[PDB]
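For reference, the structure is listed below as structure tokens.
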Amino acid sequence: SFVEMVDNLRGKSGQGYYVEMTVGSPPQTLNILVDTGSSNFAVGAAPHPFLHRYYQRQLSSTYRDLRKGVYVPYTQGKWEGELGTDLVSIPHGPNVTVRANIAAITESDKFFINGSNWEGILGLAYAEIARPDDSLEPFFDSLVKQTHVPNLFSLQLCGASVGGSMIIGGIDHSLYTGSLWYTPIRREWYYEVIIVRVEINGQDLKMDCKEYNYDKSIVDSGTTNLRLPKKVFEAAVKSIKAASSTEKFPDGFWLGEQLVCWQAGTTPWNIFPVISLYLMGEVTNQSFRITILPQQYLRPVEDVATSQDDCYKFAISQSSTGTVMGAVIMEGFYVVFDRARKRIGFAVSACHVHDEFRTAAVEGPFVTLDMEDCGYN
Ligand SMILES: COCc1cc2cc(c1)C(=O)N[C@H]([C@H](O)CNC1(c3cccc(C(C)C)c3)CC1)Cc1cccc(c1)OCCCCN2
């Protein structure tokens, strides 16, 4: 019955993917950001300049106050609110209703986005990183406890404004081609994985693989960019600069500030390298790779100038908190969060990114010795 969940995601480019949900009795409809990089379910519950609607607890007969406060600081944004529970449904999801923890957001700073069309956030990661602490059961845990929905979901994020599918409780085979390749979830807090090798246009970065996972590597639909640890970021930029040296860019471009433009249709895709991330596989000394095209890490931005050219932002960012495989990485892949078997699967998406002479890929098996040494402790 997964067909009902196909294409249940929408969004604006760079503003996040959201799914429709209802909370409370009678049902109040809200668009909820899909975020595998956090674990709190929270909704606007008070007026805000950027909210068109919000959760009204007084109007719901099934609402319960937990009489406790909560706040959540993300990378830049944060909100605080009051904890409670209420009945929750996903119209284009499984036909069930669950009583879930809900943070009613009463104050926020740089959290809600003007024009994003979502009013809440669904943290899909594990209780370990839930606020105020891991005793606050995350939504998906509640879903799995209270219903017969299997303990897994899959995300097909399609580029561009944007659309996609969140298949709750299973895998929909019409959404990907080729084989699914699985990498272990290293620890159940973030969806943490281990990167064991990195190549750019087929050339190994040849760093200590611990550098790739310092201090962690995670899959995060709630973050746009590929974010890389400082040392890896520098090596990667150096290699990508070298490959594209035929053209010149502002150095603020490599920092993600200045967008670069070309005459509509003349974007020199060919001079930007493919990036291959090798992930630890399911059997001994085995890994597989996903290959990212420049169309994924050069994100299209509307030109502020009167010219309708093709302008792009460099969507690879330096991190101090580990590798983040963000939405631009997940796009064009079908990603299976198989919580039941503690693994994440990757396959080429049906809505894969197009290049003239190149193709995003998930390929294996590869042999990689000493993969356990790649994990940072
Ligand atoms: C370049 O970095 C800036 C940046 C860009 C983006 C998102 C975040 C940060 C963002 O903060 N993302 C968090 C996710 O939950 C973040 N997930 C992580 C995180 C980081 C700090 C603290 C927590 C805890 C709440 C567990 C989790 C693991 C990285 C979710 C989020 C919160 C608020 C607005 C959002 C998304 O907008 C969606 C569209 C913008 C996507 N780009």
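A few comments on the model shown:
Table: residues versus (1) in contact with a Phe, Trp or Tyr (Cβ under 7 Å, 6 or more places away or on another chain); (2) farther than 30 Å from residue 40 by Cβ; (3) not β-branched (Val, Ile, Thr).
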residue: 202; (1), (2), (3): no, yes, yes
residue: 220; (1), (2), (3): no, no, yes
residue: 223; (1), (2), (3): no, no, no
residue: 235; (1), (2), (3): no, yes, yes
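- Residue 276 vs. criteria within 30 Å of residue 185 (Cα to Cα), away from the ligand (no atom under 16 Å from the Cβ) and either hydroxyl-bearing (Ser, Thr, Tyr) or crowded, with 23+ Cβ neighbours inside 10 Å (or both): yes
- Of the residues examined, residue 140 is not one that is within 15 Å of the ligand (Cβ to nearest atom), in a loop (DSSP other than H, G, I, E, B) and within 21 Å of the chain's Cα centre (by Cα).
- Residues that are in a helix (DSSP H, G or I) and touching a strand residue (DSSP E or B) at 6+ places or on another chain (Cβ under 6 Å) within segment 224-235 comprise 230, 233, listed in sequence order.
- Segment 1-20 - residue that is within 16 Å of the ligand (Cβ to nearest atom) and more than 21 Å from residue 350 (Cβ to Cβ) and, of those, nearest to the chain's Cα centre (by Cα): 16
- Checking each residue of segment 83-106 against the condition of being small (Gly, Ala, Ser), within 16 Å of the ligand (Cβ to nearest atom) and farther than 27 Å from residue 326 by Cβ gives no match.
- Just one residue in the set 178, 163 is more than 12 Å from the ligand (Cβ to nearest atom), surrounded by fewer than 20 Cβ atoms within 10 Å (Cβ to Cβ) and at positive phi; that residue is 178.
- Any hit, segment 238-245, residues being assigned to a helix (DSSP H, G or I) and under 18 Å from the mean Cα position of the chain (by Cα): no
For (1) of a type in the set (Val, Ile, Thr); (2) within 15 Å of the ligand (Cβ to nearest atom); (3) assigned to a strand (DSSP E or B), each residue gets a yes or a no:
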residue: 183; (1), (2), (3): yes, no, yes
residue: 198; (1), (2), (3): yes, no, yes
residue: 206; (1), (2), (3): no, no, no
residue: 222; (1), (2), (3): no, yes, no
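The rows are residues; the columns are (1) in the same structural domain as residue 74 (by CATH); (2) over 19 Å from residue 154 (Cα atoms); (3) hydrophobic (A, V, I, L, M, F, W, C).
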residue: 180; (1), (2), (3): no, no, yes
residue: 190; (1), (2), (3): no, no, no
residue: 196; (1), (2), (3): no, yes, yes
residue: 200; (1), (2), (3): no, yes, yes
residue: 210; (1), (2), (3): no, yes, no
residue: 213; (1), (2), (3): no, yes, no
residue: 219; (1), (2), (3): no, no, yes
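- For segment 208-220, the tally of residues that are of a type outside the set (A, V, I, L, M, F, W, C) and in a helix (DSSP H, G or I) stands at 4.
- Among the candidates 113, 129, residue that is surrounded by fewer than 22 Cβ atoms within 10 Å (Cβ to Cβ), more than 18 Å from residue 39 (Cα to Cα) and within 14 Å of the ligand (Cβ to nearest atom): 113
- 2 or more residues within 22 Å of residue 14 (Cβ to Cβ) and over 14 Å from the mean Cα position of the chain (by Cα): qualifying strands (runs of 3 or more DSSP E) within segment 302-361: 310-314, 316-319
- For segment 26-61, filtering for residues that are of a type outside the set (A, V, I, L, M, F, W, C), away from the ligand (no atom under 16 Å from the Cβ) and not in a loop (DSSP other than H, G, I, E, B) leaves 4.
- Pairs where the first residue, in segment 242-256, is under 10 Å from residue 314 (Cβ atoms) and the second is away from the ligand (no atom under 16 Å from the Cβ) and part of a helix (DSSP H, G or I), C-beta under 8 Å, 6+ apart: 254/241
Quick reminder, even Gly has a Cβ in these numbers, built from the backbone with ideal geometry, and neighbours come from all protein chains shown. Basis: the model, the stated rules and, where named, an outside source; no laboratory instrument gave them.
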